[PDB]
Amino acid sequence: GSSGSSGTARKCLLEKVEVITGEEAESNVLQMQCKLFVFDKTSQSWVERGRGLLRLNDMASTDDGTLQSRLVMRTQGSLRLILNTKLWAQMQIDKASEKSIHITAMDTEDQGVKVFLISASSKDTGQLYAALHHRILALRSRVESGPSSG
């Protein structure tokens with residue numbers, strides 16, 4: 001084989017990812033057209049943030065190396081991204097209605113945690129929801145060991 005050293009006298013391997021393409025090769029659980037709304041204390045109500053397509057993409061964890069998840073929402077116009085946050089075990093999500101849902105996420109610019117809403121058909125709404133929950137149940141199952149059998 002070959003042998004050569006330079007500057008940094010420490011490396012992981014030749015086939016480094018830094019050079020390798022994002023190769024995101026992420027997974028698409030479920031995709032459906034939905035709308036996003038945020039509560040602006042200013043108006044004290046739901047304000048139009050961005051309406052378009054919504055889907056749950058599965059990503060790999062870094063410190064956990066496990067199947068991580070996040071909340072993405074692309075608009076209908078230029079599929080622009082306005083909502084991007086990584087779900088967490090202590091994630092807040094409750095089913096307000098069979099069509100609307102209350103989930104907490106962080107913005108991309110404001111990077112602040114706010115109460116987001118999800119409006120969709122009585123069916124679609126249940127789909128996306130049935131997903132989120134799990135996304136968290138998988139995390140809470142790691143932090144805690146669980147019930148120890150006597």
# chains A, B, ... in the order shown; residues from 1 in each chain; ligands from 1
>>> residues_around(residues="residue A:138", least_positions_apart="3", cutoff="10 Å", atoms="only C-alpha atoms", output="VMD selection string")
chain A and resid 66 to 69 88 to 89 133 to 135 141 to 143
>>> residues_around(residues="residue A:24", least_positions_apart="3", cutoff="12 Å", atoms="only C-alpha atoms", output="list in words")
residues 17, 20, 21, 27, 28, 57, 58, 59 and 60 of chain A
>>> atom_distance(atom1="atom CA of residue A:11", atom2="atom CA of residue A:65")
20.7 Å
>>> closest_residue(among="A:120, A:136, A:56, A:19", to="residue A:90", atoms="only C-alpha atoms")
A:136
>>> residues_around(residues="stretch 102-107 of chain A", least_positions_apart="5", cutoff="8 Å", atoms="only C-alpha atoms", output="list in words")
residues 71, 82, 83, 84, 85, 86, 87, 91, 92, 93, 94, 95, 96, 112, 113, 114, 115, 116, 117 and 118 of chain A
>>> residues_around(residues="residue A:47", least_positions_apart="4", cutoff="12 Å", atoms="only C-alpha atoms", output="ChimeraX atom specification")
/A:35-43,51,115-117
>>> write_last_selection(atoms="N, CA, C and O atoms", output="CSV table (one decimal), in the first residue's frame")
chain,number,residue,atom,x,y,z
A,35,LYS,N,-51.1,22.8,6.6
A,35,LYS,CA,-50.9,24.2,6.9
A,35,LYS,C,-50.3,24.4,8.3
A,35,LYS,O,-50.5,23.7,9.2
A,36,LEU,N,-49.5,25.5,8.4
A,36,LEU,CA,-48.9,25.8,9.6
A,36,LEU,C,-49.4,27.2,10.2
A,36,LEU,O,-49.6,28.1,9.4
A,37,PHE,N,-49.5,27.3,11.5
A,37,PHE,CA,-50.0,28.5,12.1
A,37,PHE,C,-49.3,28.7,13.5
A,37,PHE,O,-49.0,27.7,14.2
A,38,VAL,N,-49.0,29.9,13.8
A,38,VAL,CA,-48.3,30.3,15.0
A,38,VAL,C,-49.1,31.3,15.8
A,38,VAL,O,-49.7,32.2,15.2
A,39,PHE,N,-49.0,31.3,17.1
A,39,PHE,CA,-49.7,32.2,18.0
A,39,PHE,C,-48.8,33.4,18.3
A,39,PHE,O,-47.9,33.3,19.1
A,40,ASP,N,-49.1,34.6,17.7
A,40,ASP,CA,-48.3,35.8,18.0
A,40,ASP,C,-48.9,36.6,19.1
A,40,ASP,O,-49.9,37.3,18.8
A,41,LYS,N,-48.4,36.6,20.3
A,41,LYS,CA,-48.9,37.3,21.4
A,41,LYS,C,-49.4,38.7,20.9
A,41,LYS,O,-50.3,39.3,21.5
A,42,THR,N,-48.8,39.2,19.9
A,42,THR,CA,-49.2,40.5,19.3
A,42,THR,C,-50.6,40.5,18.9
A,42,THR,O,-51.4,41.5,19.3
A,43,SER,N,-51.1,39.5,18.2
A,43,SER,CA,-52.4,39.4,17.7
A,43,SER,C,-53.3,38.6,18.7
A,43,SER,O,-54.5,38.7,18.8
A,51,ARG,N,-48.1,27.8,4.3
A,51,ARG,CA,-49.0,26.7,3.9
A,51,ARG,C,-48.4,26.0,2.7
A,51,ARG,O,-48.0,26.6,1.7
A,115,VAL,N,-45.7,27.6,20.1
A,115,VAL,CA,-46.7,26.7,19.9
A,115,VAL,C,-47.2,26.7,18.5
A,115,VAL,O,-47.9,27.6,18.0
A,116,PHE,N,-46.9,25.6,17.7
A,116,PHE,CA,-47.3,25.5,16.3
A,116,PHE,C,-48.6,24.7,16.2
A,116,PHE,O,-49.0,23.9,17.1
A,117,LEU,N,-49.3,24.9,15.1
A,117,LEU,CA,-50.6,24.2,14.9
A,117,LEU,C,-50.6,23.5,13.5
A,117,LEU,O,-49.8,23.8,12.6
>>> decode(residues="stretch 57-145 of chain A", atoms="C-alpha atoms", output="compact mmCIF listing (two decimals), in the first residue's frame")
# COMPACT_ATOMS: atom_id res chain seq x y z
CA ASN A 57 -38.18 12.83 7.47
CA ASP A 58 -36.14 10.26 9.39
CA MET A 59 -32.54 11.20 10.19
CA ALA A 60 -29.69 9.53 12.06
CA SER A 61 -28.55 10.75 15.48
CA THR A 62 -25.02 11.94 16.24
CA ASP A 63 -24.64 11.61 20.01
CA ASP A 64 -27.16 8.76 20.01
CA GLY A 65 -26.43 7.27 16.59
CA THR A 66 -30.06 6.16 16.70
CA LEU A 67 -32.96 6.86 14.35
CA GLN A 68 -33.62 10.55 14.96
CA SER A 69 -36.60 12.57 13.73
CA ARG A 70 -37.59 16.19 13.08
CA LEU A 71 -40.48 18.40 11.98
CA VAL A 72 -40.33 19.81 8.45
CA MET A 73 -42.84 21.98 6.58
CA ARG A 74 -42.39 23.10 2.98
CA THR A 75 -44.59 25.82 1.46
CA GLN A 76 -46.66 25.32 -1.69
CA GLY A 77 -44.93 28.14 -3.53
CA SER A 78 -41.18 27.59 -3.81
CA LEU A 79 -41.23 24.64 -1.40
CA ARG A 80 -39.35 27.07 0.84
CA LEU A 81 -38.55 25.87 4.36
CA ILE A 82 -39.89 27.90 7.28
CA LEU A 83 -40.15 25.27 10.02
CA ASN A 84 -37.26 22.99 10.94
CA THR A 85 -36.78 21.53 14.42
CA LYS A 86 -35.52 18.25 15.88
CA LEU A 87 -38.06 16.47 18.09
CA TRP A 88 -37.00 15.66 21.65
CA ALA A 89 -38.07 13.23 24.38
CA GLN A 90 -39.48 16.14 26.38
CA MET A 91 -41.34 17.27 23.25
CA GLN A 92 -44.75 18.86 23.80
CA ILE A 93 -47.56 17.58 21.58
CA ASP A 94 -51.27 17.26 22.34
CA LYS A 95 -54.29 16.42 20.18
CA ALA A 96 -56.53 19.50 20.33
CA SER A 97 -58.94 18.10 17.75
CA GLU A 98 -59.39 15.44 15.07
CA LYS A 99 -58.34 18.07 12.53
CA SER A 100 -56.07 20.43 14.47
CA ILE A 101 -53.02 19.65 16.59
CA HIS A 102 -50.81 21.56 19.02
CA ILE A 103 -47.09 20.83 18.65
CA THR A 104 -44.10 22.78 19.97
CA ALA A 105 -41.21 23.46 17.60
CA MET A 106 -38.30 25.86 17.07
CA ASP A 107 -37.99 28.31 14.17
CA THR A 108 -34.98 28.45 11.85
CA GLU A 109 -34.17 32.13 12.35
CA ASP A 110 -35.81 33.00 15.67
CA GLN A 111 -34.60 29.64 16.98
CA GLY A 112 -37.31 29.98 19.60
CA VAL A 113 -39.77 27.40 20.92
CA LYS A 114 -43.35 28.36 20.06
CA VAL A 115 -46.75 26.67 19.92
CA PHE A 116 -47.33 25.51 16.35
CA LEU A 117 -50.60 24.23 14.86
CA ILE A 118 -51.43 21.64 12.21
CA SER A 119 -54.67 21.88 10.23
CA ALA A 120 -55.61 18.91 8.06
CA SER A 121 -58.45 16.57 7.10
CA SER A 122 -59.99 14.46 9.87
CA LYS A 123 -57.88 11.66 8.39
CA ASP A 124 -54.61 13.36 7.47
CA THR A 125 -54.56 15.12 10.84
CA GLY A 126 -54.62 11.76 12.58
CA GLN A 127 -51.86 10.41 10.35
CA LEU A 128 -49.22 13.07 11.02
CA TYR A 129 -50.23 13.04 14.68
CA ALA A 130 -50.00 9.26 15.03
CA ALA A 131 -46.42 9.79 13.85
CA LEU A 132 -45.18 12.63 16.05
CA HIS A 133 -46.15 10.86 19.27
CA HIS A 134 -44.02 7.83 18.40
CA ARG A 135 -41.10 10.02 17.31
CA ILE A 136 -41.02 10.96 20.99
CA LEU A 137 -42.00 7.63 22.55
CA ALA A 138 -38.81 6.27 20.99
CA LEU A 139 -36.75 8.96 22.73
CA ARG A 140 -38.40 8.72 26.14
CA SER A 141 -37.77 4.97 25.96
CA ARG A 142 -34.03 5.65 25.84
CA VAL A 143 -33.63 8.27 28.57
CA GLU A 144 -35.49 5.99 30.99
CA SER A 145 -34.60 2.33 31.53
